[PDB]
Amino acid sequence: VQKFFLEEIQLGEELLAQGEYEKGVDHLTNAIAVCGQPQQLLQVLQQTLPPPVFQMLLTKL
Amino acid sequence: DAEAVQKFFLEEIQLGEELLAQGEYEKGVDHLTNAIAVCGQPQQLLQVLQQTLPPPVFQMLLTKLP
Amino acid sequence: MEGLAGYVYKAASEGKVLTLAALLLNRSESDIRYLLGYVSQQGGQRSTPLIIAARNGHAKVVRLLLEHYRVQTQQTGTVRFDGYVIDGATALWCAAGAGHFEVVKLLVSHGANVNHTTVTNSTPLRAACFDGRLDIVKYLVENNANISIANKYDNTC
Amino acid sequence: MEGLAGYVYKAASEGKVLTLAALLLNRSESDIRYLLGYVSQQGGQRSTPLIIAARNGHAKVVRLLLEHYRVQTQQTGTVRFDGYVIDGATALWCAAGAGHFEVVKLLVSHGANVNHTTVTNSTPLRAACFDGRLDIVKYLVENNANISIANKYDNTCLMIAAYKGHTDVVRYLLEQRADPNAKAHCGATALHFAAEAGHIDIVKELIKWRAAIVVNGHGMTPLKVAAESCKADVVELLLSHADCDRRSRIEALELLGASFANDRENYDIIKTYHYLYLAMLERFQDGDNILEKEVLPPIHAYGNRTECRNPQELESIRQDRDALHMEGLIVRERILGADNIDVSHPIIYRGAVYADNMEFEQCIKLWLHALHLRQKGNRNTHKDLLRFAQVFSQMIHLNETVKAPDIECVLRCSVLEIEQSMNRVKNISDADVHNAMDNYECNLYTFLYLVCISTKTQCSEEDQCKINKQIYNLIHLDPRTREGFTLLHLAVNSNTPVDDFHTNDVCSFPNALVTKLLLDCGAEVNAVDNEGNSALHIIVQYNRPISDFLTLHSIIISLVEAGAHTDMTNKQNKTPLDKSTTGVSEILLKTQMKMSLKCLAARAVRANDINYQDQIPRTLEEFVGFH
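Scoring rules and cut-offs
- Residues numbered from 1 in each chain as written, not as in the entry; some residues may be left out.
- Chains lettered and ligands numbered in written order.
- Part of a larger assembly, values for the part shown.
- Heavy atoms only, no water.
- Residues with missing side-chain atoms left out of burial classes, pairs and counts.
- Axes fitted to C-alpha atoms, helices over the stretch in contact; angles between N-to-C directions.
- Helix = DSSP H or I, 4+ residues; strand = E, 2+ residues; numbered from the N terminus.
- Parallel < 35°, antiparallel > 145°, perpendicular 65-115°, else oblique.
- Contact = heavy atoms within 4.5 Å.
- Buried area = accessible area lost by both parts, 1.4 Å probe.
- Salt bridge = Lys/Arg side-chain N within 4 Å of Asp/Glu carboxyl O.
- Polar contact = N/O pair within 3.5 Å; in protein donor to acceptor, adjacent residues only side chain to side chain.
- Nonpolar A, V, L, I, M, F, W, Y, C, P; charged D, E, K, R; others polar.
- Patch = residues over 30% accessible without salt bridge, like charges linked within 9 Å, V, L, I, M, F, W, Y side chains within 5 Å.
- Areas by Shrake-Rupley, 256 points an atom, 1.4 Å probe, with all protein chains shown as cover.
- Buried < 20%, exposed > 50% of the residue type's maximum accessible area, 1.4 Å probe, protein only.
- Core = buried A, V, L, I, M, F, W, Y, C linked by side-chain atoms within 4.5 Å.

Structure determination for this PDB entry was carried out by cryo-EM, with a resolution of 4.08 Å recorded in the header.

A.B. asks: It is not clear to me how the packing of helix 11 (residues 167-175) of chain D against helix 13 (residues 200-209) of chain D should be interpreted in this structure. Could you clarify?
C.D. replies: The packing of two helices is summarised by the inter-axis angle and the distance between the axes. Residues and elements named next belong to chain D. The interhelical angle for the contact between helix 11 and helix 13, taken along N-to-C directions, is 10°, at an axis separation of 10 Å. When the interaxial angle is binned, helix 11 and helix 13 end up roughly parallel. From helix 11, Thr167, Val170, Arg171 and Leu174 reach across to helix 13, where they touch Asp201, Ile202, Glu205, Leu206, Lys208 and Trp209.

A.B. asks: When you look at the interface of chain D and chain C in this model, what are you seeing that I'm missing?
C.D. replies: Accessible area lost upon the coming together of the parts is a frequently used measure of interface size. Counting residues at the interface gives five residues for chain D, matched by five residues for chain C. When chain D packs against chain C, the two sides together hide about 460 Å² of surface, and 35% of this comes from carbon and sulfur. Counting across the interface, chain D meets chain C through two salt bridges. We note a salt bridge from D:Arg264 to C:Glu67, for which the minimum N-O separation is 3.8 Å. For the pair chain D and chain C, the interface holds two residue pairs in polar contact. Class assignment of the residues belonging to the side of chain D that touches chain C gives a composition of two nonpolar, no polar and three charged.

A.B. asks: In this structure, what is going on with a nonpolar patch on the surface? I would like to understand it.
C.D. replies: Residue and element names in this part refer to chain D. A surface patch of nonpolar side chains, about 330 Å² in accessible area, is lined by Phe81, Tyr84 and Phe130. Mapped onto the elements of the fold, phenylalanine 81 is located in the loop between strand 1 (77-80) and strand 2 (85-88). Assessed through its relative accessible area of 33%, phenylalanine 81 is described here as partly exposed.

A.B. asks: I'm lost on the nonpolar core in this one. Help?
C.D. replies: Residues and elements named next belong to chain D. Counting residues in hydrophobic clusters, the biggest one holds 86 residues, and the most contacted among them are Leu24, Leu36, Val104, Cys129 and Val170. With sequence-adjacent residues up to four places away left out, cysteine 129 is seen in contact with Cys157, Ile160, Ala161, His166, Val169 and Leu173. Membership of the second largest hydrophobic core comes to 80 residues, among which are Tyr354, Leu373, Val410 and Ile556.

Shown next as structure tokens:
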């Protein structure tokens, strides 16, 4: 679960780092689904990562 | 040394530089071979010559030095 | 003599690697550095075999003038010949603005001057900024020469 | 888990703050806290994750870590430097040393020790002084920075600020009631530090305070420290201050000329000669009751003539650049004295230049004088010994003879240095015991190279007898290696390192002549190492029996002739003929063997494992222990 959350968020971070925060949000949404708490996983993105990626991942997840 | 050898020395330095830069290493080193033979300080020039030519080219000169 | 000063000038103002070795050979250390202290104007600008060879881009020629010979690192010459010809040039300065990164990575590693100030109190970093060579800019910032030098008109790099 | 610990370390290293937040969520707190309290021991550091987050300026990583799992920022950890390993007490100290104001201010906002002393009490303010960040200095002095903290080397942070050209930090520190006369361990101060480093503006900034001026440990004003290096701007500023009498000013100008006479970094004969002439003109400005420098006899080896007492003398010998350097070094030595460490480094440089110019005798004499000065100062003198064996090797490779009395003198000096090295090995506990062991090994290697050089050349019978006496004294000291190799074992083994310089042209261990010299001077051939191998075991373990068979046959013959029990055994209890690994050496040893009742009986006793204990004479007990 955590490894799948770590792999999907890393895949989402690759698309987010290129300027496509919304495109990587969909992959990070699966990471939130892979994680035990999708809200807590998305809370890290809001606290640390860019807000555009975190805001789009909340609707996707 | 000096006199017409000195102008022959610098001519072989300049022509030896050009052919080495051009790529004619066999004629360039041979032109420089005459320069070291007529050089005022062939041993002191070889101190600088250890860094001027590439190590294959310097070894190529080393075969023609004696 | 003044005749040999122009001979050793063209030794490094071109890129030849044996003329400066041959001309300096069999001479005393007094007039050898006098030939390397060449400051006379060539082409409407003061030139010096260390300074001009760095502008030419030959990292090998300048290295043989600092390791096996003694030359003055600080000197007066052009930094941008294209209508600026500002005096007080450095060997690092000539290589930085002209994209000679191999000369740039060699002089600072050897211990050349990194923060020489000309009459316009400029830096080699902004000269590389005009050229746009990121490697020279990254090397200068990593070596921490200066990242805040502006011109006399406060023109930031 | 250990994978979680490594993943914490990676997240703090490359700034993966999102992965760190995933670590600090979705699980418990005690185990995750323990895992984030340390990193893996990679790269010689057990540092805090916050320390390595401050190393690359990742304030977001440490901020999110403190927000999720609040940990004390005072968590210590090993921190590496360019050539030093000092275990950092806190992350903000590393941030100040790496120039990151954001991490420092965030850690102070979270609540942290502003003056958390490091292993060598390195203050974060001191680290900022090292880096030169003025904003960090201002913030810590707002947060009650401890500006009086000095190292074991008594290095107050003002000294560290004055090390480099951080003049803004220096002026702000002296504005904040600093100590411009803070003494160091060796008597140094920011005045001497800026005199050595050539920061004239820092000198003027301290002159603005002008509290006091103090001498160093050897004893000399910072004018002499400025004249000790090529820092003529500080020298001219302090002469403009002119807080000295005439003669001291004259000899300070002499020292300023002398430092520029034989410096590797910058060197011009013109400026040195002009400074010498101006100093002597100031000397002759007295006129009546003229002060003059004391006359000293010329050292026969170091130099050949005394000083010049007339202006026309150096006016004439200006072209004699070697004489100018000799006179400058002579006045430098007679002023600084033998106690000053830096008296021999220009001598070393000039000797290296002379060796480069094939002035071999001058180089040998200068380096002998430098070694004499360094040994009288009781310093670490292995690097110059290695270079000196190197110049022997270069001369022998160029088919140039050496001076046998010089060989004997430097062999006596090396024996005395090995005695000093043994004393400082057996006296120190754990300070530089590894460095001391490496120094002892290098000294033994250099002595072996010197012996090989002496055997390569030809020497007079009296000089050879003196050399044999010195080698006999050193082997009477019986030096041992880390594994217990003696000098004979070191000469026997082909595993003995040889320096990458021209020593490879002359050092070809196993060397038969060195072994012959040791055996005639009386080396203990029967001596063994910790592994139990003797000289015979190592020489029969040689792996090129035919490429250099002359040396192998000569050393086997010498070892048999001096007398070594060929049946003696190592810890694994096998003979050299059993440890042959080579047909040629085995046959040579077999035809060089010798029958004996005692040896065969001891071998039978050892093989049959009869209770030899307490049934034989004690000498028979070590005899059985050999077998």
